[PDB]
Structures are given as structure tokens and as C-alpha cells.
């Protein structure tokens, strides 16, 4: 996730215990079981750059579910990016999905503060549409 100190935005790795528990939940209950979704909602309250959501999905979902998630995540981001464009908000599609010039985690740390909630919304909407 993304944090701030007095001088800069910086990145810290996802807490391992939370990630492990989510992986186990996906395997033991399913990716959209109530317990699993509760954990996704909790993760959704943090400022995850796109790569943290992609890492989480890759770690926790089956290969097949990962690609279903990723495709829907991109669609959700495209929707949000279109709204941002109309509203003059400087958060783009490639920023939201973390691709193109924004592929590397180090380039995902200085978005508008509100971008991280948008990313979270897209990621969680995509997760909730898994079968």
C-alpha cells in the first residue's frame, strides 16, 4: 500500500498475514464466500496501488479466476476513467490499471489521494463479479 510521511509518498509491502488469510479463504470457502468478501472489503479500505490489487488477485485466485477478475477490473477502471475525464479529474485509465507509463509500482505512488479509492472500487466490483 501507499503511505505518506512528512516528505514523500512511499510504498510498503502488503501485510503478509492478511494476504495469507485471503489466499486460504479463497481456496477453502471460494473467492466470493461471505467471509472472503468481508476480507476483500477490509483490504478495500486501504490505499492499494493497482499492483497490490493485481498481486493480491494473482496470489489468491485460481489462474482462471485471475483472468476473469483482471478483465473486469480493466472494464471498471475504463468506466471510472471516463467519468474522471468528464469531471476534469487528473486520474487516467492507465493510472487506474497500473499499465503503460504506470506499470511499475514506484510510478503508482503519487496519484491524487482519491485515485486509490477508485482503484479499490474497481478491484472489488471485479472480485464480486467472479462466479
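Residue numbers count along the first chain shown, from 1.
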* Which is higher in the entry, the mean Cα B factor of 24 to 32 or that of 59 to 67? -> 24 to 32
* Asked: Looking at the entry, does 9 to 17 or 116 to 124 show the higher mean C-alpha B-factor?
  -> 9 to 17
* Compare the CA B factors listed in the entry for 42, 86, 51, 92 and report the winner. => 42
* Asked: Where does residue 99 sit by CA temperature factor within its chain: lowest, middle or highest third?
  -> highest
* To do: Just say lowest, middle or highest third for the CA B-factor of residue 47 relative to the other modelled residues in its chain.
  => middle
